[PDB]
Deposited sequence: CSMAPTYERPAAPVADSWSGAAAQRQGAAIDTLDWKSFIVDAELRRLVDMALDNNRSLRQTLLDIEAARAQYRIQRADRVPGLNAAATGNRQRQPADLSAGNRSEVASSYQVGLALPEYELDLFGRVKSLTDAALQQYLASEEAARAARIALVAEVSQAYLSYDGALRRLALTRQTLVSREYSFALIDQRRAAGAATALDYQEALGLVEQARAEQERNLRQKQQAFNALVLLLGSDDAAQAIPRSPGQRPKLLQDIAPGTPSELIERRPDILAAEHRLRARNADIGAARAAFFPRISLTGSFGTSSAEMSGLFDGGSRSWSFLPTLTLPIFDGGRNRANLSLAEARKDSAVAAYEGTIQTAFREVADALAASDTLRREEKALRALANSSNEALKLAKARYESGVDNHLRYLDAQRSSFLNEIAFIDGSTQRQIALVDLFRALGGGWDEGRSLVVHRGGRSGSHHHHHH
């Protein structure tokens, strides 16, 4: 028999609608190379891989209880008792030695208490493997995001460097106009403030670059992970621009997070089955089988055979209210596993909805960012010539140089924000 209830999956509390391989997804040959390195060597994932080895050993520990064992023991008992207590009526020293095999307390499994406990340890083992899958998904997504940011930094640094040489050469022209006398002093300072902006932004971009590089070196986790990353990155898109979201129902059966959570609920359901079997009578066997003697010299002799066999049944009648508390505790734990499962679904529903809302917005933004960057860069060139001729003051040209630079960086930003939100979608689906 087994008192564990029948497991029914709780109805997905999310709405029915929203408003596949990692190598297949990650097209870039080097990024995929990097993810393979990280997947092989990342130490946080390695801990989660050894978590499942522990969880397997716990099931193996519980499985051991279902089978009866066999132990070779030797037990001497020597004691001086009073005259008063013994049948002899004169105070005596009694000795008794035993050797041979013995059966440690073995539970007959009529109500499936141990069966149920062994089942729970399986479900947490399986929930550990689903957690290791979730971490694997999370690692690949984190390695990619860190490569996209590293790339995005290098695009900013390259832009800033071409912006710096432009403003440095453009400043040299304004300096010698004042040395002549033709240049305003305000114009000279406004051109200087431009050059320093570029130097300060280059420092910011060098920081972002190397902090992204270090984060990558960590996530790879090799001693040679600094060598493995290319200093000059391939500028082609690294991932599939479009992914179909699918039904939320498919997500529930697909995503490791969900599978880890349902398996926890199954373990908790098995736990109920153990609480129920405690109310029912426990039966157990103890056994000893070997050779008993009165002296050390009489144990390796003929006809010294001896055995003990002890079956015992026991049924709790009165507790302090313990078994019903154990039942109430296992049920509360189960109800939490259900709420956990429901909440884990609802979360995953929100994480993909966010990734879709982002991806829809970011495709539509990046077109506005490019066209503004082109509108700014042409307005820069018109305003350049308007100052350079001498029609308008330096301010318009100055303001256009700021706007050009801001808009061109803000594009590099929103392009990288589009590709990262794409991998966030691949993670959130699973």
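In sequence order, the deposited residues that have no C-alpha coordinates form the ranges 20-32, 444-468.
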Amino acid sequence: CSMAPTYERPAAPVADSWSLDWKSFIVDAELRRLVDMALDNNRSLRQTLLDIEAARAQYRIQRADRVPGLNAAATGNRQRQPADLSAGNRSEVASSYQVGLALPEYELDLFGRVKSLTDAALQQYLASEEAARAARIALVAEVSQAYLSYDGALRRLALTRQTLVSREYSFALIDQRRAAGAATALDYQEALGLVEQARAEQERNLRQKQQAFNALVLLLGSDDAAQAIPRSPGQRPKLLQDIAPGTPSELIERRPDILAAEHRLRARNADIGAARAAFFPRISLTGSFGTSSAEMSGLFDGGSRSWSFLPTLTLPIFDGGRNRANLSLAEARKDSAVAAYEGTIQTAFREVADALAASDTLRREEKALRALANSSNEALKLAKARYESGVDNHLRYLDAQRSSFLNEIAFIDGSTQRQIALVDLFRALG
From here on, numbers count along this sequence of modelled residues.
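Between the stretches 230-238 and 156-164, it is 230-238 that shows the larger average CA temperature factor.
Across the two stretches, 339-347 and 178-186, the PDB entry reports the greater mean Cα temperature factor for 178-186.
When the C-alpha B factors of 328, 214, 149, 304 are read from the deposited coordinates, the top value falls at 304. Comparing the C-alpha B-factors of 315, 244, 270, 332 in the entry, the top value falls on 244. Ranked against the other modelled residues of its chain, the C-alpha B-factor of residue 417 as given in the entry falls in the middle third. Residue 80 sits in the highest third of its chain by CA B factor, as recorded in the PDB entry. Among the modelled residues of its chain, residue 53 has a C-alpha B-factor that falls in the middle third according to the deposited record. The entry lists a Cα temperature factor for residue 289 that places it in the highest third of the chain's modelled residues. Per the deposited record, the Cα B-factor of residue 18 falls in the highest third when ranked against the other modelled residues of its chain.
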